[PDB]
Amino acid sequence: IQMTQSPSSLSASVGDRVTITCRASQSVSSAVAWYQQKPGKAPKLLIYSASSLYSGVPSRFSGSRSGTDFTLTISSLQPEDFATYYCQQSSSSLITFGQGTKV
Amino acid sequence: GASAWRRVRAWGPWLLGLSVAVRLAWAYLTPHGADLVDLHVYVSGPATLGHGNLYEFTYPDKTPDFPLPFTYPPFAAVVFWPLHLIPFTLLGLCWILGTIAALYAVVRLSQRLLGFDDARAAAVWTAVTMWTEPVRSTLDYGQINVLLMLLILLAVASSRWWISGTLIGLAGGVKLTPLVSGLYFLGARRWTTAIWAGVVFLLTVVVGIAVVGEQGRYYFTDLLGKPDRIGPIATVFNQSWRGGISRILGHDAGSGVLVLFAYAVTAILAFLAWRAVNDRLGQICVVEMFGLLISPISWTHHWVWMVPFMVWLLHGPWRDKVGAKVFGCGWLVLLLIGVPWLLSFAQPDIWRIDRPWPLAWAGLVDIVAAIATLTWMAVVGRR
Amino acid sequence: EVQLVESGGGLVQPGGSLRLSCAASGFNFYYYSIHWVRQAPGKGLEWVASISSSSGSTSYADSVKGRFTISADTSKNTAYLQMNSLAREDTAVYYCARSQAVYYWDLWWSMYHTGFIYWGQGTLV
């Protein structure tokens, strides 16, 4: 399954809502997750099933099903929330993380 | 001892195989083991179809004392008319195997719902719960309760609105008791699926009126699904609130004030219990635990929904809480032994309502266990 | 409380074998699916293996198919992933993560994991 995301470093300003696309081919229902990975660390899951955020993740985070397309939206980068974000489709057959996307 | 737990899990297929062999041997080696009073009713109801004597039908051949009637909805007779085309033994063995496979499949669906697939553990669970009082009662009488449980959990598992709605509607058309499962979909905010399930139930009513019409009618007016016609209300097997209250009373209160207060208190307890749960399996198990308590007639063989509840307790999100393990083992020891089955011997006859303190108070056993579980869930959720 | 520990991540010659090990604590493997995710330097995350640890079903990628065989160990709570004829381009940071697999019956079963809730530290294969 070919998979791609928004261009990396598509939102660098601090103090504004940021948008990102999670382009996915075929149809994976709502089996999409978004992760936060600061360099030199391990990714931290942000939203599961692409609709509900994880426990402990700031409530500013919000991902929504845009049809076959998927997006991740937050408030801003106030608390130094800068990291490379990844999104995957979990069809249980072949999981693909797509292209890496930096904040 | 988790090591022994793994060892017994690995011994699943060759424990479920043993259970099935034992059950099949017992049914077809002992007289009245394969009596199947409720399968024979399902076969002899439609067998009289087209002759105006289907609900006036009685079946005292197997229980001369109590003539078994055909109290099922007419849609059930429509669905069972094909059974009329199969020889009785070819259907009895098929039905026993079907109930067994439905138990295994429903255990597997419960495991899937909890988020893990385990064929070996599913086989072990089927073998262990095969002999729980509700399951053995269903197998003995041939009553279709494991099949409808399988249909309902298949509906719950499938997120597709049409599949779940149609399954729930058809299963509720066959029997009106599992209709309470629809309430879970109301709790799950699945309004469209609930609407479609109701529509399918109404279309099953229409099919019953079309096929079994002119002989079975006014099924909701002038009949009200009267509990008395189905069977004795006070017999200890009737573990609903009505049965136990009648035992402790000596006279069927029915819609009395005291029964209404119990209905309200169990309503609040079950609502709090559901509010204390977050996973699909737990929600449906609580909904069906409440349904088994509110329905006017809930025999022991109706309480097969406890098996998914024990699966939830011993594997669900609450597979750690001290109370969760305590109440799971309590339900296992209660059902595997069976207090109502043991107590049924004491009473003079299934039609006797007067009881002394022991035979009446001990008749509230499953009611008390269910209410204790509901209260525990409510308090642990609120805390 | 809940922690993930990865004791593997050695250096191997081009072609050979290497056994990653992802210890787990604070939860039961059988109740979750353990996944291995790799991230080569200068490139993004790439899924490697998605063992379920309950049904034992092994899922791993096409370029991973001919070089990996992910094991499991429920008794010791470890992943124990294995390679063979590796190191052509496999230099990465093989994380291990757990996930909750939720199923749906759309007339036939279709597993899908809810997401990798907990991740271990980084390895240096």
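In terms of determination method and resolution, the entry is listed under cryo-EM at 3.46 Å.

Engineer: Explain the overall build of chain C residue by residue, including any values.
Structural biologist: Along its length, chain C carries 1 helix and 9 strands. The secondary structure elements of chain C, listed N-terminal to C-terminal, are β-β-β-β-β-α-β-β-β-β. Scaling as 2.2 N^0.38, a compact globule of 125 residues should have a C-alpha radius of gyration of about 14 Å, and chain C matches this with 14 Å. Projected onto its principal axes, the C-alpha positions of chain C cover 45 × 35 × 25 Å. A buried classification covers 55% of the 125 residues belonging to chain C. The long-range fraction of contacts in chain C, counting pairs at least 24 apart against all pairs at least 6 apart in sequence, stands at 54%.

Engineer: Can you break down the sheet that holds strand β3 (residues 52-53) of chain A residue by residue, with the values?
Structural biologist: Residues and elements named next belong to chain A. Taken together, the 5 strands give an open sheet; going across it, the order is β3-β2-β1-β6-β7, and neighbouring strands pair in antiparallel fashion. If you trace the sheet from one side to the other, it starts and ends with β3 and β7 (101-102), each paired once. Looking at chain direction, strand β1 (residues 32-37) and strand β6 (residues 84-89) are connected through 6 bridges and run antiparallel. Its bridge partner being in β6, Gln-36 is matched across the sheet by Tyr-85.

Engineer: How would you summarise the sheet that holds strand β5 (residues 45-49) of chain C if you had to cite specific residues and measurements?
Structural biologist: Residues and elements named next belong to chain C. Read from one edge of the open sheet, 4 strands run β5-β4-β8-β9, paired in antiparallel fashion. The open sheet has two free edges, formed respectively by β5 and β9 (109-119), since each of these has just one partner strand. The average angle at which neighbouring strand axes cross in this sheet is 40°, direction not considered. Inspection of the sheet shows strand β4 (residues 33-39) paired to strand β8 (residues 95-105) by 5 bridges, in the antiparallel sense. Bridge pairing in β8 links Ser-33 to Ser-99.

Engineer: Give a detailed account of the pattern of salt bridges, specifying residues and quantitative values.
Structural biologist: Scanning the model with the defined rule gives 11 salt bridges over all chains in all. B:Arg352 serves as the salt-bridge partner of B:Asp354, at 3.1 Å between the closest nitrogen and oxygen. The network of salt bridges with shared partners includes C:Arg38, C:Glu46, C:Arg67 and C:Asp90.

Engineer: Summarise the interface of chain C and chain B; cite the residues concerned and give the values.
Structural biologist: Listed as interface residues are 16 residues of chain C and, on the opposing side, 23 residues of chain B. Contact with chain B buries surface across chain C, with C:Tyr30, C:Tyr31 and C:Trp105 losing the most and accounting together for 39% of the total. Between the two partners, chain C and chain B, sit 1 salt bridge. Ionic pairing is found between B:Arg160 and C:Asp106, a salt bridge with its closest N-O pair at 3.2 Å. Among the elements that take part in the side of chain C that touches chain B, β8(C) stands out by supplying 6 residues, more than any other.

Engineer: Can you explain the arrangement of the chains? Please cite residues and give values.
Structural biologist: Once contacts are tallied for each of the 2 pairs of chains in contact, the highest total is for chains A and C. Chain B makes no contact with chain A, the minimum C-alpha separation between the two being 11 Å.

Engineer: Tell me about the interface of chain C and chain A, residues and numbers included.
Structural biologist: By a widely used convention, the size of an interface equals the accessible area lost when the partners come together. At the interface, 21 residues of chain C touch 22 residues of chain A. Across the chain C to chain A interface the summed buried area is about 1,800 Å²; carbon plus sulfur atoms make up 61%. Joining chain C to chain A, the criterion identifies 0 salt bridges. At the boundary of chain C and chain A, one finds 6 residue pairs in polar contact. Taken together, the elements giving at least two residues each to the side of chain C that touches chain A come down to β4, β5 and β9 of chain C. The dominant element in the side of chain C that touches chain A, judged by the number of residues it contributes, is β9(C), at 9 residues. Split into classes, the residues belonging to the side of chain C that touches chain A amount to 12 nonpolar, 7 polar and 2 charged.

Engineer: Could you give an account of the state of the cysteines, naming the residues involved and the relevant values?
Structural biologist: Residues and elements named next belong to chain A. In the structure shown here, the tally under the stated rule is 2 disulfides over all chains. Through a disulfide, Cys-22 is tied to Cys-87; the S-S separation comes to 2.0 Å. The sign of the S-S torsion, about 110°, decides the handedness of the disulfide formed by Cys-22 and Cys-87: right-handed. Within this pair, whereas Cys-22 is found in the segment before β1, its partner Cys-87 is found in strand β6, the two being separated by 65 residues in sequence. For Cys-22, a relative accessible area of 0% corresponds to the buried category. Of the residues examined, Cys-87 reaches a relative accessible area of 0% and is grouped as buried.

Engineer: Give me the lowdown on a nonpolar patch on the surface, citing residues and values where you can.
Structural biologist: All names here are of chain B. A contiguous nonpolar patch, built from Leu-183, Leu-186, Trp-191, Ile-195, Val-199, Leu-203 and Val-206 and spanning about 670 Å² of accessible area, is present on the exposed surface. You can see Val-199 is positioned in helix α11 (residues 191-211). The exposure class assigned to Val-199 is partly exposed, which follows from its relative accessible area of 34%.

Engineer: Break down the packing of helix α8 (residues 146-157) of chain B against helix α15 (residues 280-294) of chain B for me, with residues and values.
Structural biologist: Pairs of packed helices are described in terms of their axes, by the angle between the two and the distance that separates them. Residue and element names in this part refer to chain B. Remark: α8 packs on α15, axes separated minimally by 11 Å, with the N-to-C direction vectors making an angle of 140°. On the basis of the axis angle, α8 is oblique to α15. With respect to the hand of their crossing, α8 and α15 are arranged in right-handed fashion. Between α8 and α15, the residues in contact are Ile-152, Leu-153, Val-156 and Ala-157 and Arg-280, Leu-281, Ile-284 and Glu-288, respectively. Classifying every residue of the contact of α8 with α15 gives 6 nonpolar, no polar and 2 charged.

Engineer: Break down the side chain of C:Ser53 for me, citing the residues and quoting the values.
Structural biologist: All names here are of chain C. When you line up the elements, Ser-53 lands in the loop between β5 and α1 (62-65). A distance of 2.7 Å separates the side chain of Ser-53 from the backbone oxygen of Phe-29, its partner in a polar contact. Polar side-chain contacts of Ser-53 include one of 2.6 Å to the backbone oxygen of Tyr-32. Setting aside chain neighbours within four positions, we find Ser-53 in contact with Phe-29, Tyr-30, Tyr-32 and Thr-74.

Engineer: I'd like a description of the nonpolar core, backed by residues and values.
Structural biologist: Ranked by size, the top nonpolar core spans 177 residues in total, and within it B:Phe80, B:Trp331, C:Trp36 and C:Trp119 carry the most contacts. Beyond its immediate chain neighbours, meaning those up to four positions away, B:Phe80 contacts B:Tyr42, B:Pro46, B:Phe70, B:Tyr72, B:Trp95, B:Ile144 and B:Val174.

Conventions used here
Residues numbered from 1 in each chain as written, not as in the entry; some residues may be left out. Chains lettered and ligands numbered in written order. Heavy atoms only, no water. Helix = DSSP H or I, 4+ residues; strand = E, 2+ residues; numbered from the N terminus. Rg over C-alpha atoms; globule rule 2.2 N^0.38 Å. Buried < 20%, exposed > 50% of the residue type's maximum accessible area, 1.4 Å probe, protein only. Contact = heavy atoms within 4.5 Å. Pairing = 2+ DSSP bridges. Axes fitted to C-alpha atoms, helices over the stretch in contact; angles between N-to-C directions. Salt bridge = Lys/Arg side-chain N within 4 Å of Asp/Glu carboxyl O. Buried area = accessible area lost by both parts, 1.4 Å probe. Polar contact = N/O pair within 3.5 Å; in protein donor to acceptor, adjacent residues only side chain to side chain. Nonpolar A, V, L, I, M, F, W, Y, C, P; charged D, E, K, R; others polar. Disulfide = S-S within 2.5 Å. Patch = residues over 30% accessible without salt bridge, like charges linked within 9 Å, V, L, I, M, F, W, Y side chains within 5 Å. Areas by Shrake-Rupley, 256 points an atom, 1.4 Å probe, with all protein chains shown as cover. Parallel < 35°, antiparallel > 145°, perpendicular 65-115°, else oblique. Left-handed = near helix turned anticlockwise from the far one by under 90°. Core = buried A, V, L, I, M, F, W, Y, C linked by side-chain atoms within 4.5 Å.

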